[PDB]
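> Generate a structure from the sequence data that follows.
(chains A, B, C, D, E, F, G, H, I and J, ligands or ions: 4)
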Amino acid sequence: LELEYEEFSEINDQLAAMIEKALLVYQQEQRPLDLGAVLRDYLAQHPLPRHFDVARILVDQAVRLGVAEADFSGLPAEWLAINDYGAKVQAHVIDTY
Amino acid sequence: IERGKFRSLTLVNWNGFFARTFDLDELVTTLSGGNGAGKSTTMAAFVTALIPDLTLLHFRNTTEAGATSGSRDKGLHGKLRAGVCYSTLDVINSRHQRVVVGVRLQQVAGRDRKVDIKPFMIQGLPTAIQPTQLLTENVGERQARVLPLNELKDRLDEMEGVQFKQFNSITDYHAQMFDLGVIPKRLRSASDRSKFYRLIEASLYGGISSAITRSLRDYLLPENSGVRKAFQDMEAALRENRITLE
Amino acid sequence: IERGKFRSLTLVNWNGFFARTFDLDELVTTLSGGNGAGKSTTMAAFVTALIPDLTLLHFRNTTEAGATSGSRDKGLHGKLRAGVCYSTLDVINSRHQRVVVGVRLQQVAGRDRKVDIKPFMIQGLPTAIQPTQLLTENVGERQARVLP
Amino acid sequence: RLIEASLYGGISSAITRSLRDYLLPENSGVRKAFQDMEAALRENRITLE
Amino acid sequence: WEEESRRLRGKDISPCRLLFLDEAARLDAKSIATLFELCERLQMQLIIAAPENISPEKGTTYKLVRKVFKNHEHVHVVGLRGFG
Amino acid sequence: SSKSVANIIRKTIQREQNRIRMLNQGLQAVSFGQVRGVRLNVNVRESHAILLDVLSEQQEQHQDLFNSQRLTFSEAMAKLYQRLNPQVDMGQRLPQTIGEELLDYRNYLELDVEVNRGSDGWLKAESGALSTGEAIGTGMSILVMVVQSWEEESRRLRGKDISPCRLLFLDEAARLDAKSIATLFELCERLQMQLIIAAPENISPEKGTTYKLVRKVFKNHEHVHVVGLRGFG
Amino acid sequence: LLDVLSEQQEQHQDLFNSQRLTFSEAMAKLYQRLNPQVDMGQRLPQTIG
Amino acid sequence: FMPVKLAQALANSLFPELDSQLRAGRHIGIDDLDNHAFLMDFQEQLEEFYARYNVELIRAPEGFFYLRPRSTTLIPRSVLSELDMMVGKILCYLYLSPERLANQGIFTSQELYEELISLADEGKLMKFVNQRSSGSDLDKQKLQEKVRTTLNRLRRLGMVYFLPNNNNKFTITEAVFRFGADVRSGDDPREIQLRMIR
Amino acid sequence: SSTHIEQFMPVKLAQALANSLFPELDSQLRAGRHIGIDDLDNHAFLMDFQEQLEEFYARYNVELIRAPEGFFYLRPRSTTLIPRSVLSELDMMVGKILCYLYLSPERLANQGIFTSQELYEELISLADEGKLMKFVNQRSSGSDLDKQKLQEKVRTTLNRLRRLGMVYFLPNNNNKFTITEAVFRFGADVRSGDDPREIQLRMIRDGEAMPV
Amino acid sequence: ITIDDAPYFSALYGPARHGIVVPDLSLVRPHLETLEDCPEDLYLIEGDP
Ligand SMILES: Nc1ncnc2c1ncn2[C@@H]1O[C@H](COP(=O)(O)OP(=O)(O)OP(=O)(O)O)[C@@H](O)[C@H]1O
Ligand SMILES: Nc1ncnc2c1ncn2[C@@H]1O[C@H](COP(=O)(O)OP(=O)(O)OP(=O)(O)O)[C@@H](O)[C@H]1O
Ligand SMILES: [Mg+2]
Ligand SMILES: [Mg+2]
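Residues are numbered from 1 along each chain as shown, chains lettered A, B, ... in the order given. Ligands and ions are numbered 1, 2, ... in the order given. Have a look at this structure:
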């Protein structure tokens, strides 16, 4: 028969837009950014099933802003908890912008 | 009961990694990043630490996955940096003994792209000390200093109860790894090393391996001595007599 | 000058396709679907239609790429069903001429898994004719048949 | 060769190895002049042998 | 090749251009953007394949699903569109 | 002599067949595209089956060739094997070596890999007759077969309270669809076997640990920024 | 080598006092004439001449 | 240069002989222990070596090796007689299940003679001897002669191994399957072989 | 060191076998073709690696031989791995006549181009016509049908010699052809002015020629 | 059996280490009188082999 069609959802693009707008301030003020605190504060704004995607996208946006000078110290970072049910994150603080 | 696990992978002074440690998952670990980020480099580190044999080690590109030897370059030299480099694994046995195994890597100077490799093993390390700390000195400069095997031996011997073993041949290294339950088979000879590497690299690139398919019985069936040695002993009297006559 | 373009690709009686027509795009056309859906098969049909040289045609897996293997089987036969098969391309010439190139494929009975190829070309076909209908006969209640 | 290399993608071993043959075109003017010289050099080969 | 044939060809004909790429999923977004701009600047047609829809906002796309059905196999094809 | 040798060979063959049959069951109902199962097909070659039967029951017809002290046992086996299937030729190799070959039980077995594809029955696994994902999945299946066999082999040389580690790789994992990845995760989990997979971000498996990589230039040198996530699910 | 073959004795003997070009070198290429190390075969490649 | 393993392979003492045989069209089965092992070991390079001659080196699914010429073959080609194929198909049929109990792998010329005579159509038989022939003793004699001849040909091919004595009794090798029919899911070999024979 | 070509084969021999000319040449040589000076490519190739080829073929129990006239060919031994065959007496008659034609300065002005009729005329001028006719037919007595049959047999045998490389037809005309030096092998029984019996014995001992 | 349990088992089974397992031990009772060619002390055990 004749060909049917199906459409995509843009929810994740919208999510990226909110996160990038919310995060732009850190660069502009060159404020030190800690992934642990930011993830813990930002996951509280969405329900549990969506946390994983939010974490991924937030990390994608955050890593573009500068580097963490501690990485050259030879000292590994710890696994910080960011919500209940037991999710963890590992990252040094971002200092060099 | 309570199968052993790989706990972590550490890179020092590799191309793009001055000092990095990956904490491996109990079931699945996923590496993710854009093209050229360095994923295949980490797997190269893992396998080279596991099987430090320069005759077998060949990191061909994923495209052209199945071709011949071709070039004389094995693709490893370019992943190192000037100076001294390390690759180490951290393992926990069923006994819950913490053992650290690894190799020291260095670019051999010359026209050609060659590498020098030396295995080693450490036992009894406290749970409070990480590999990156062992292998680097926090000098006043912005960036630490990677310390050679001499400094490392001196630093480790100072510890109480910690043993540092440095191997002269790959066979000894594999023997120790098997005795501690890090690998499923003790690599008697170079042929065994070749088959083990075939297994690993076939898994790495993926697909129905041609070599595994050819020699299926050689891989899946153990060799049984019982059927034979009776007849070697019974045959002995004739063998000696024949040799004497000749 | 206006460069020529490929309008569409048609498959008849291939492995999994009875009579399907893909309309190509001016710049990029993408095929998606789970493993084993039939994407590589569509590629193979196109290429086949392009270069019918049976000596050349060798469809290796994507793994084992670049290995000159001399495999016993070139991998084309299994992608065809019993009976007659087709693969055709519709092209718009820089001259704004509609031309239909293609091949007639057919399995060879016998132990050796061989294949037969017969090229053909059509010129001047009216713009209202679709290849899918041109290559089939409507027999029964919407139960068309393919014709040699 | 061209098509197949595109299909499987990547640096095709065969293409790069003979890149001259693939890229550089042939010239008939070169040939017409060379015809003469061709005859001469053939003759010289003969003699040499 | 096109340049070479300039003399033999009739003045008025520019040959068709088309290439393939299987397992496009091996390329990341930036790489595919580069590839698309290259091919469109050269009026080059492309046909690419990937398990997942790697190009949602360019060109046309088809989705293939295979169904086992009465002891044989049948392929169902449906199109996809950028926005809904 | 005679019958007892046949019995030890038969029991060894039987034990190998049974162990393979046990390994075989773990791979039932694995979904990889249109592939729905994998097997290791084990069979006995005829030219050796008849030899084994003759050695079992017709020994009085050939005892001259066995008790002749001018030749050894393995030589006797080689000569009996040439007496049967006379068309066989020998490549100017010592009969001693052919005898020792007959003494090795593995030489009696024929091995294949088969897959239960789609509407069809069990087919021999040929790379050219499969899609890409099906090939990758079948490869993983055979690899876990090898690993299990090797662990069973070595355990008689290992401590009673030692269980070796098991780990495998997969590069360019984007080539597999979600259903196939679910199947692969189920297999490895049931086999207590670790996995490390690389993908250019196209796949986001919820279980396990994930590492985000980004390569940069810093003080005119290449540097890789790394971030990690885990615990979801 | 093209310069060596192109420019002939009578006029360019005054040019030939350079260390790189001489007549005998055309025959010296007889060594190269016998067999170059070509690898892949199509059409017909043969020799330096 | 030349690949190291290819140079090793063709340096082996067994190569000249096998080369000679191969070029003749001989099929290498599992019976020839050393030759078969040699091919198994060096297939990847021998295939490339013979591709230089526009000739294909094929390993049949049953296990035997043989060469197949292309149209562009560098090796002079030759072709079998109709009678040849007839006989071949016959032998493929005789590679049966009751064969094991009937003859224990060892046949005689008379088995094939009588099978040939019984299963074939008269017309094609005539075509094989001469179209003017008609059910005559002499005709039968000539047919016998031809049978022997063709059988010998086949033995050269490696299809059939004569037992080492002057009498004409032989055993059939697996490579005879090359004559055989196409096999489809669930089809009985006897029926399909007979269907082609008819 | 290990995995090094020299372990298994001389470099020059491997270099020769890897050449693009080898398969053609090999195929031809095995088929009995003689190689003269006119087919440069082949000849030159032969010259360059002579000893390697000789050594190679030796494996087969066959001699790669070089006649004084500069033409190469294959001579199998009694233990040869490759079959050996003999030419027919009519082939010899045409061979010895082609040899005399090559030598003849009287016809050198033709620049090597000869016609089947000229060959036939020379042959009948020298040999016993009516006695030679016996090979065509036992009842031959000079009838024109039998004379045409003889001419056709000649045409045929000549075509066979062409395949052996002993004569080359013109590109567009088949009634005319050119000779090559390979024909001198038909003079092997007389090139030395000695006792014919002893020469013949020497030749059969060397494997060059058989009686009938 | 592994090397760790080997000494334990060898001590446990003592002289009977090299006996035969036979699940009934009454089927041997008729055969037994015939045993004139056997080790001076034969051990038999009942159980599932
Ligand atoms: N031997 C080498 N010599 C020089 N550069 C190299 C070498 N191997 C890798 N590189 C470079 O190192 C960087 C990382 O390469 P790598 O193969 O690890 O990438 P990746 O993240 O695995 O990429 P992808 O998944 O797309 O294959 C790339 O720039 C690559 O060009
Ligand atoms: N020669 C063949 N013989 C039999 N079955 C075949 C053959 N070639 C392909 N198939 C089957 O046809 C189906 C389509 O395969 P194909 O490779 O076209 O799929 P795909 O969607 O491109 O898959 P992937 O992305 O994993 O390569 C699969 O079931 C494959 O097993
Ligand atoms: Mg990579
Ligand atoms: Mg595919």
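
> List the contacts of residue J:19.
Counting by C-beta atoms under 8 Å, 6 or more residues apart in numbering or on different chains, residue J:19 makes contact with J:42, J:43, J:44, J:45. Placement of C-beta: from N, CA and C, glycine included.

> could you redo the last one with a cut-off of 10 Å?
J:13, J:41, J:42, J:43, J:44, J:45 (C-beta atoms under 10 Å, 6 or more residues apart in numbering or on different chains).

> Strands - which of those residues land there?
Among those, DSSP state E puts J:44, J:45 in strands.

> ok, of the contacts of residue J:19, which one's closest to chain B?
Nearest to chain B, judged by C-beta to the nearest C-beta, of the contacts of residue J:19 is residue J:13 at 20.5 Å.

> I'd assumed residue J:45 was in contact with that closest one.
Yes: shown here, residue J:13 and residue J:45 form a contact pair, counting by C-beta atoms under 10 Å, at 9.3 Å.

> Contact residues of chain J facing chain C?
By C-beta under 10 Å from any C-beta of the partner chain, no part of chain J sits against chain C.

> Any chance you could note which residues of chain J sit beside chain A?
Going by C-beta under 10 Å from any C-beta, none of the residues of chain J are near chain A.

> For the residue of chain J found nearest chain E, which non-adjacent residue is spatially closest?
Distances between chain J and chain E by C-beta to the nearest C-beta are smallest at residue J:48, namely 45.9 Å. In space, and not counting its chain neighbours, residue J:48 is closest to residue J:23: 6.3 Å by C-beta to C-beta, 6 or more residues apart in numbering or on different chains.

> show me the contacts for that neighbour.
By C-beta under 10 Å, 6+ apart, the contact list for residue J:23 reads J:45, J:46, J:47, J:48, J:49.

> can you rerun that using 7 Å?
Shown in contact with residue J:23 (C-beta atoms under 7 Å, 6 or more residues apart in numbering or on different chains): J:46, J:47, J:48, J:49.

> What of residue E:32?
Residue E:32 neighbours (C-beta under 7 Å, 6+ apart): E:54, E:55.

> and it, what element?
helix E:29-41 (DSSP states H and E).

> hey, where'd the strands end up in chain A?
Using DSSP E, strands in chain A cover A:5-7, A:79-83, A:87-90.

> Which stretch among the ones you listed approaches chain C most closely?
strand A:5-7 (11.1 Å).

> sorry, back to before: before we move on, which element is the residue nearest to residue J:48 in?
Per DSSP H and E, there is no helix or strand for residue J:23.

> measure it to chain C for me?
53 Å (C-beta to the nearest C-beta, to the nearest Å).

> if I look at that residue, how far off is residue J:44?
With the distance defined as C-beta to C-beta, to the nearest Å, residue J:23 ends up 11 Å from residue J:44.

> go on, residue A:26?
In terms of C-beta to C-beta, residue A:26 sits 84 Å off from residue J:44.

> Have a look at chain J and report its longest helix.
If you go by DSSP state H, chain J has its longest helix at helix J:6-13.

> Mind telling me which residue is nearest the centre of the chain?
Reading this off chain A. Note on chain A: the residue nearest the mean C-alpha position is residue A:58, at 1.8 Å, using C-alpha atoms, centre = their mean.

> nope, chain J
Central residue of chain J (C-alpha atoms, centre = their mean): residue J:19, 1.8 Å from the mean position.

> packing partners for the helix or strand following the helix holding residue E:32?
On the C-terminal side of helix E:29-41, the closest following helix or strand by DSSP H and E is strand E:45-49. If contacts are counted by 3 or more C-beta pairs under 7 Å, 6 or more residues apart in numbering or on different chains; DSSP states H and E, strand E:45-49 sits against strand C:28-32, helix C:39-50, strand E:18-21.

> What lies in contact with strand E:45-49?
For strand E:45-49, the surrounding residues in contact (C-beta under 7 Å, 6+ apart) are C:5-6, C:27-31, C:39-40, C:43, E:17-24, E:39.

> Ramachandran angles for the closest residue to residue B:197 other than its chain neighbours?
Nearest residue to residue B:197, sequence neighbours excluded (C-beta to C-beta, 6+ apart): residue B:56, at 4.7 Å. Phi and psi for residue B:56, reported as degrees, to the nearest 10, are phi -90, psi -40.

> got the contact list for residue B:56?
B:193, B:194, B:197.

> Same check on residue H:9?
Counted by C-beta under 7 Å, 6+ apart, residue H:9 has contacts H:15, H:42, H:45, H:46.

> now the last one: how far from residue H:10?
Applying C-beta to C-beta, one obtains 8 Å for the distance of residue H:46 from residue H:10.

> do the same with the third one
Counting by C-beta to C-beta, the gap from residue H:45 to residue H:10 is 8 Å.

> between the helices and strands packed on strand E:45-49, which gets nearest to ligand 1?
Counting by C-beta to the nearest ligand atom, ligand 1 lies closest to strand E:18-21 out of the helices and strands packed on strand E:45-49; the figure is 14.5 Å.

> quick one: that closest one near chain D?
Yes: Strand E:18-21 is in contact with chain D by C-beta under 7 Å from any C-beta of the partner chain, via E:19, E:20, E:21.

> Quick check: next helix or strand after the lengthiest helix in chain H?
As assigned by DSSP H, the longest helix anywhere in chain H is helix H:137-157. The element immediately downstream of helix H:137-157 (helix or strand, assigned by DSSP H and E) is strand H:160-162.

> Can you give the strand pairings for that following strand, parallel or anti for each?
Sheet partners assigned to strand H:160-162 using DSSP bridges are listed as strand H:169-172 (antiparallel).

> gap between the residue minimising distance to the centre of chain H and residue H:172?
Nearest to the mean C-alpha position of chain H, by C-alpha atoms, centre = their mean, lies residue H:159 at 3.6 Å. Note on residue H:159: its distance to residue H:172, by C-beta to C-beta, is 8 Å.

> joint contacts of the two?
Common neighbours of residue H:159 and residue H:172 (C-beta under 7 Å, 6+ apart) are residue H:91.

> roughly how far apart are the residue nearest to the spatial centre of chain B and chain G?
In chain B, the centroid-proximal residue (C-alpha atoms, centre = their mean) is residue B:50; its distance is 1.6 Å. Distance of residue B:50 to chain G, computed by C-beta to the nearest C-beta: 37 Å.

> for the residue of chain E at minimum distance from ligand 3, what are its contacts?
Relative to ligand 3, the nearest point of chain E is residue E:26 (8.5 Å; C-beta to the ion). When contacts are counted by C-beta under 7 Å, 6+ apart, residue E:26 touches F:172, F:174.

> Contact partners for residue B:11?
Here residue B:11 is in contact with B:17, B:20, B:45, B:87 (C-beta under 7 Å, 6+ apart).

> Show me which positions of stretch A:85-97 end up buried.
Buried positions in stretch A:85-97, judged by neighbour count with 16 or more other C-beta atoms under 10 Å in any protein chain shown: A:87, A:88, A:89, A:90, A:91, A:92, A:94.

> residues contacting the nearest residue to the fifth one once chain neighbours are set aside?
With C-beta to C-beta, 6+ apart as the measure, residue A:35 is the residue that lies nearest to residue A:91, at 4.3 Å, once sequence neighbours are left out. The neighbourhood of residue A:35, defined by C-beta under 7 Å, 6+ apart, consists of A:62, A:89, A:91.

> This completes my enquiry, with thanks.
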